[PDB]
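2 protein chains.
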Amino acid sequence: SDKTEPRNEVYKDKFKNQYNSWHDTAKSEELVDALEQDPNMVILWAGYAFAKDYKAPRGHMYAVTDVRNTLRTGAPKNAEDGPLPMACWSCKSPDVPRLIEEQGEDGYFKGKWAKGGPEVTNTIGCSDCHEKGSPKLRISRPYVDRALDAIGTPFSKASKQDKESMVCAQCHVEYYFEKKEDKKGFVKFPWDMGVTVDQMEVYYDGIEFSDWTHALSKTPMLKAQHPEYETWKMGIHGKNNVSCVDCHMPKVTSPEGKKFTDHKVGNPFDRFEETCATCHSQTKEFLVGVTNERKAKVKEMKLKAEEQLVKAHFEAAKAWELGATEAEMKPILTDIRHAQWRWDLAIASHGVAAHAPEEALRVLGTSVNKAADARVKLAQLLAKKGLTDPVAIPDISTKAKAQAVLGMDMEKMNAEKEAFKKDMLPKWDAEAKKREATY
Amino acid sequence: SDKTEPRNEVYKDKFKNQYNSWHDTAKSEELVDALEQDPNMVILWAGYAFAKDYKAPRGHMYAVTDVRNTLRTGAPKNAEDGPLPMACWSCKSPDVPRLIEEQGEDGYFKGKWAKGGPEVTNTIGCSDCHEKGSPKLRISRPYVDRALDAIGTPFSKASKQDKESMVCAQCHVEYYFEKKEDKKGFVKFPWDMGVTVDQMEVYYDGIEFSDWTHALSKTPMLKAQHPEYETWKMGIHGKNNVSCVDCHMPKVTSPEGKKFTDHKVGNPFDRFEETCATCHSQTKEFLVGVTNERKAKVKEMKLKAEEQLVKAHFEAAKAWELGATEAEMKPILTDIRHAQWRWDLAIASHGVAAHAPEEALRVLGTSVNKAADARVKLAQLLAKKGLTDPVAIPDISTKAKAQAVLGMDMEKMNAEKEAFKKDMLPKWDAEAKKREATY
Ligand code: HEC
Ligand code: HEC
Ligand code: HEC
Ligand code: HEC
Ligand code: HEC
Ligand code: HEC
Ligand code: HEC
Ligand code: HEC
Ligand code: HEC
Ligand code: HEC
Ligand SMILES: [Ca+2]
Ligand SMILES: [Ca+2]
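Top line first, the protein sequences correspond to chains Y and R. The end of the first sequence is residue 466 by full-length UniProt numbering, with every number in the run present. The end of the second sequence is residue 466 by full-length UniProt numbering, with every number in the run present.
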């Protein structure tokens, strides 16, 4: 494509300071296993890909590696195999706008994730945010322009300060895959009714959309994903239009005293002077302390919401086992769907305790309120089927125990994934090397 | 006494600007009936004085008037009559340090509220916060000193900025009346553990303390009251030691050009220049909009928490009615106690949406979590008693209907109060005038 250069090294000794700091996200290499740290999530996501594997994000340099390696994308043997579609590449690589610009959105989104393996081998890079070889910013994905239009803030009419967050909003948002034949597997941001948890809930309910049917409760479930842009808009910094870039890509000075934009996307406290100290006079120790306090508050309510949902899902499973009808279960499943949507949207962003802690805490409160409705209705229904005692919860104290409770063959899944990693990934990179040898 | 002057006019000509702005809290005279606006509260406080009458605070000039007029103090015919004790005067008048200094705490707290009628007639004034005829600040109540010592911040070692909030903390706190024999009727702040909702819950459970037994659920209840200091400490302004005085008693300039401390304690937005604008560049409309949005979020979770509690109380009443035993109800009552403690502390301060919105939202979330646990246990227990259908809630849509549901003879209460107002209060004021003549 004329508009995209997916090879990130092309403009490196033309834009040295930007390339070098961009490459330094490789320094953020630790992989924290969130399922291991919180096995409740295996149960909440039962029947869905996230019950297999879910880790915290690390540096942008690892995006293609991590989508390749997660158990969620499976072990496809050919371009028509594997569980997930092409759309799983969309926020991982500057080869995505290359493919969209050459084949159109309809050509890009067609088919399996495995199909794009040979084509999507460059990780998150310059062409995702920039015009080719230029410092100018751009939106490189058409579905992003559609989403910005939908909330009335098109990129073409946005201020410089607005665009700084919009380039991150290409990826750091809640999304779903459309179902209609002409948009099958297209990425869409569910923003037509607004970006609050309540508006998005109305959107999804209006089209009767579900990401999966829960393996225990049979609830039509919604999955939230990293809603940084939607939740940043709710926090006081976003209300002041303090941009993602102000904290995550701050203006820094070279050893020679030249200012440039720090491209090492990571922890803003690592550049405390240049980030928080730009606008605040408090010490780093104070502001780190405040941030850790909100993380603790959000975590407390997160676990309370999760404990209610775990019990709700097993209680619903027991209700089905005791002969509940679909009509008896319909209002309970609605409550479970909404309760878990609210928990998931509240904490799916690993930055929410910094970006919008009060919104996270409000939303987790509404989660518990819906879970309480579901569980009281379940307690009455279970009693009509003859059970007036608590429903037993199996041992789910570890990720391995939870996945086994669900009947998941983790040994086989890991073995097949390792064989895929060893056999298929070399072939993909060998094909990409051959193709890039043109260009 | 030597160290207190309760007549607030004595130094009016020496300190004209302070006296004049102090007297201007009489401009804040609107009375908002909180029970009328939220009749749920009648049910939540069933069996307690707050089910009778509860209004939003107004100006300091009305403290003695409102404590005289509230149905909560009833209609005493003599100094040993009436529902409430001497300690209800403690945060309403500079006559209180006068009586404490002359009679001791033991002498002051002894007896009924009606006994203090003739002695406590000056409203909140200069000697409550100041040394006599002086600009120096003081703590005028010994139980406040004990509380400050308990949290490790004695007034003697406090900074200027610390002391600005501490004078408000003499009254704007959660408290209880001790029941121990040697301290019976004493005001104490429940801060030994210290000031979060969770620490105070541990404090109260450790001494097996209850304010009343709920009229419906028979739960041993805790009542929260206006925890401004404790919640201010949790908000970001308090963490920065932005004092109550910075927003509510700002430095202003007289018409003659003289700088002084504004003593019109009221809405900080009424002094936007001089309060927020001294630290913030945003417009007043923007900051008002933010505070209004937080008020709405807090109100949304407040109402969800109350709906859960109202149903829990009626469901518990049903369980008792169906023959539940003490042992069956014990874990349910514990959950209701904690759930309502958390609700009440979260919203008992009318400023919590400005002072600490994130803490109010966290605490309201934990309220719903405990109410959930109570209602699920109740649904199972009700089913063991043969009831598998929802418990009916009577019409409680107005203050009047809710009080009638509880069997409250509001007509008699109001008649007896008006009679008390017409007959007793002139006698109290006449005796005080006679006594103050001898000053
Ligand atoms: C199709 C269902 C997929 C799959 C299989 C993956 N993604 Fe994404 N992704 C996006 C962003 C902003 C992040 C970092 C923020 C965060 O994770 O909270 C990620 C992260 C990942 C990972 C690493 C972490 C993990 O979950 O283990 C993996 C393995 C992963 N993704 C796989 C952004 C997006 C999107 C932007 C709209 C899209 C679409 C996807 N991701 C889709 C998928
Ligand atoms: C791949 C290694 C690159 C290269 C070579 C560059 N970028 Fe970026 N960039 C991003 C943002 C938000 C800005 C600020 C824009 C502005 O203030 O107008 C920049 C800035 C630049 C410049 C301009 C000079 C400067 O340092 O300020 C240049 C020359 C540049 N970049 C080169 C955003 C992003 C990304 C979004 C996550 C990504 C990816 C990149 N840039 C990648 C690259
Ligand atoms: C606009 C300048 C931003 C900002 C501020 C961030 N991103 Fe991204 N991001 C994407 C994916 C898939 C990941 C996970 C990577 C992986 O786990 O392999 C991330 C990761 C992050 C982080 C975590 C960094 C760390 O060191 O832990 C952060 C702080 C972050 N992002 C912020 C996806 C994308 C994009 C897809 C092309 C785009 C564009 C951005 N992110 C842009 C931004
Ligand atoms: C604009 C919408 C964004 C986006 C997309 C992100 N941020 Fe932030 N962020 C800030 C701080 C202090 C943290 C936590 C640092 C810590 O944990 O110590 C975060 C966290 C994130 C994450 C998660 C990072 C991870 O490794 O898990 C992500 C993906 C993220 N942010 C993206 C600080 C700020 C701001 C300061 C006022 C601003 C504005 C933003 N971030 C904006 C955004
Ligand atoms: C760097 C990572 C940080 C951190 C840790 C914080 N900020 Fe900011 N901040 C800015 C503005 C305009 C406000 C609103 C208040 C005001 O009008 O001054 C804030 C507010 C905060 C808070 C209070 C909100 C809360 O979370 O309790 C906190 C704790 C906070 N900040 C921490 C402005 C800016 C910036 C201007 C572009 C920048 C950069 C930052 N802040 C960065 C940080
Ligand atoms: C330290 C300077 C303060 C500040 C900032 C406030 N108070 Fe008080 N207060 C007390 C009582 C009994 C009331 C209710 C009076 C009534 O309704 O009759 C109040 C009221 C307030 C308000 C509401 C003002 C309004 O205009 O509505 C406000 C903003 C307020 N207070 C703040 C009791 C006391 C004390 C007991 C003697 C003392 C000391 C303080 N308050 C101190 C302060
Ligand atoms: C003994 C049980 C009583 C009674 C009957 C009253 N008080 Fe107080 N009071 C205090 C503060 C800071 C306020 C204003 C803040 C707020 O109300 O949220 C009040 C207000 C009142 C009112 C007017 C409002 C109402 O409830 O209608 C009334 C009628 C009232 N009080 C009666 C402070 C304190 C204390 C400081 C530790 C103490 C002790 C009391 N009050 C005790 C009582
Ligand atoms: C009853 C009408 C009075 C009078 C005559 C005065 N006060 Fe107050 N005051 C309070 C606080 C926190 C301050 C600031 C203290 C400081 O910054 O050191 C003041 C200030 C004064 C002064 C000093 C001159 C000035 O205007 O700054 C004077 C002479 C003065 N006051 C007289 C607190 C309170 C109260 C707490 C709620 C109340 C009640 C009063 N003051 C009452 C009076
Ligand atoms: C220090 C511990 C205190 C105390 C005792 C109080 N405040 Fe504040 N407050 C602020 C704002 C913007 C409001 C809302 C005004 C509005 O409703 O528009 C409040 C509210 C209160 C109340 C309730 C007022 C009422 O009339 O019902 C009370 C009793 C109260 N405050 C006492 C602003 C601030 C601050 C701004 C940074 C500071 C600090 C404080 N208040 C501190 C305190
Ligand atoms: C007058 C009643 C107000 C109002 C409405 C607000 N402030 Fe303040 N503020 C101050 C400090 C140090 C912070 C922390 C952030 C920082 O370090 O700059 C804040 C924070 C806020 C916020 C953001 C937090 C939130 O609740 O979202 C808001 C909305 C806010 N303030 C409003 C400092 C001060 C003061 C210095 C003495 C004064 C006065 C005020 N603020 C007054 C007000
Ligand atoms: Ca989604
Ligand atoms: Ca109390």
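Positions of the beta carbon are idealized from the N, C-alpha and C atoms, including for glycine.
By how many angstroms is the C-alpha of residue j removed from the C-alpha of residue i?
i                     : j                  : result
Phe-296 of chain R    : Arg-85 of chain R  : 16 Å
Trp-347 of chain R    : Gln-45 of chain R  : 57 Å
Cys-303 of chain R    : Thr-310 of chain R : 9 Å
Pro-282 of chain Y    : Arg-95 of chain Y  : 37 Å
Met-437 of chain Y    : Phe-447 of chain Y : 15 Å
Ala-242 of chain R    : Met-88 of chain R  : 34 Å
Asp-456 of chain R    : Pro-145 of chain R : 6 Å
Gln-197 of chain R    : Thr-150 of chain R : 15 Å
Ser-376 of chain R    : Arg-369 of chain R : 12 Å
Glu-312 of chain Y    : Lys-326 of chain Y : 21 Å
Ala-380 of chain R    : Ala-401 of chain R : 27 Å
residue 15 of chain Y : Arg-34 of chain Y  : Nothing can be reported for residue 15 of chain Y: it is not among the residues displayed for chain Y, which extend from 28 to 466.
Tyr-38 of chain R     : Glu-32 of chain R  : 9 Å
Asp-416 of chain R    : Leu-408 of chain R : 12 Å
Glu-132 of chain R    : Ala-90 of chain R  : 21 Å
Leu-372 of chain Y    : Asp-219 of chain Y : 17 Å
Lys-163 of chain Y    : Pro-169 of chain Y : 17 Å
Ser-183 of chain R    : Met-276 of chain R : 22 Å
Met-113 of chain Y    : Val-123 of chain Y : 10 Å
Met-356 of chain Y    : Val-317 of chain R : 40 Å
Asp-29 of chain Y     : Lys-329 of chain Y : 46 Å
Would you please state the rounded distance, in angstroms, between the beta carbons of residue i and residue j? I believe it to be under 8 Å.
i                  : j                  : result
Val-337 of chain Y : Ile-420 of chain Y : 7 Å
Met-440 of chain R : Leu-71 of chain R  : The pair is not a contact, with the Cβ atoms about 19 Å apart (cut-off 8 Å).
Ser-270 of chain Y : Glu-191 of chain Y : 4 Å
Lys-397 of chain Y : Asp-362 of chain Y : 5 Å
Return the residue from the list the options that minimises the CA-CA distance to residue i.
i                  : options                                    : result
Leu-391 of chain R : R:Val-292, R:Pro-110, R:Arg-125, R:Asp-225 : R:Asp-225
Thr-280 of chain R : R:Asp-273, R:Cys-274, R:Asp-289, R:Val-272 : R:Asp-289
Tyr-231 of chain R : R:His-241, R:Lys-206, R:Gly-350            : R:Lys-206
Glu-158 of chain R : R:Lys-428, R:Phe-299, R:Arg-125, R:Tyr-203 : R:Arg-125
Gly-101 of chain Y : Y:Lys-79, Y:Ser-117, Y:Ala-114             : Y:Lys-79
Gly-293 of chain Y : Y:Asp-273, Y:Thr-240, Y:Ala-401            : Y:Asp-273
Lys-426 of chain Y : Y:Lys-329, Y:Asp-65, Y:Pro-103             : Y:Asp-65
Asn-47 of chain Y  : Y:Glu-63, Y:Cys-153, Y:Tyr-135             : Y:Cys-153
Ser-120 of chain R : R:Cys-156, R:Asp-108, R:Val-37             : R:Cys-156
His-365 of chain R : R:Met-248, R:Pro-110, R:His-199            : R:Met-248
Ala-83 of chain R  : R:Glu-57, R:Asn-105, R:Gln-130, R:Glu-107  : R:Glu-57
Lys-210 of chain R : R:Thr-240, R:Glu-463, R:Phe-136, R:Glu-255 : R:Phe-136
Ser-424 of chain R : R:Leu-62, R:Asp-93, R:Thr-52               : R:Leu-62
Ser-55 of chain R  : R:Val-395, R:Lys-291, R:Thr-352            : R:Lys-291
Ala-399 of chain R : R:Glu-385, R:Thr-240, R:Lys-412, R:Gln-367 : R:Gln-367
Q: Entirely within the region 163–227 of chain Y and at least 4 residues each: give me those alpha helix (DSSP H) ranges in chain order.
A: Restricted to the region 163–227 of chain Y, the alpha helix (DSSP H) segments that are unbroken, complete and at least 4 residues in length are 169–177, 187–196, listed in chain order.
Q.
Using a Cβ-Cβ cutoff of 9 Å, what residues of the region 394–425 of chain R are near chain Y? List them in chain order.
A. Only those residues of the region 394–425 of chain R whose C-beta falls short of 9 Å from the nearest C-beta of chain Y are listed: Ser-394, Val-395, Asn-396, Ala-398, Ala-399, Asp-400, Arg-402, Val-403, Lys-404, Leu-405, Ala-406, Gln-407, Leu-408, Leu-409, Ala-410, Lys-411, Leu-414, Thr-415, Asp-416, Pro-417.
Q | Residue ranges of each beta strand (DSSP E) within the region 232–298 of chain Y, 3 or longer | A | Entirely contained in the region 232–298 of chain Y, the beta strand (DSSP E) runs reaching 3 residues are, in chain order, 278–280, 286–288.
Q. At a Cβ cut of 7 Å, what residues of the region 334–353 of chain Y count as close to chain R, listed as they run along the chain?
A. So the close ones are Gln-335.
Q) Which parts of the region 364–393 of chain R are runs of the beta strand (DSSP E), unbroken and 3 residues or longer, counting only runs that do not cross its ends? A) As far as the region 364–393 of chain R is concerned, it has no whole beta strand (DSSP E) run of at least 3 residues.
Q: Scan the region 378–392 of chain Y for residues whose Cβ lies nearer than 7 Å to a Cβ of chain R and list them as they occur along the chain.
A: So the list reads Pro-384, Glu-385, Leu-388, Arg-389, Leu-391, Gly-392, given in the order they occur along the chain.
Q) When you check each C-beta in the region 88–100 of chain R against every C-beta of chain Y, which residues fall closer than 8 Å? A) Here the close residues number zero.
Q: Output the residue ranges of the alpha helix (DSSP H) runs that lie fully inside the region 90–176 of chain R and measure 4 residues or longer, sorted by chain position.
A: Counting only runs of 4 or more, we get 90–96, 122–136, 153–156.
Q) Using a beta-carbon distance cut-off of less than 9 Å, what residues from the region 299–325 of chain Y approach chain R? A) Taking 9 Å as the Cβ-Cβ cut-off against chain R, the residues of the region 299–325 of chain Y that qualify are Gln-309, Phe-313, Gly-316, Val-317, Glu-320, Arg-321, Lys-324, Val-325.
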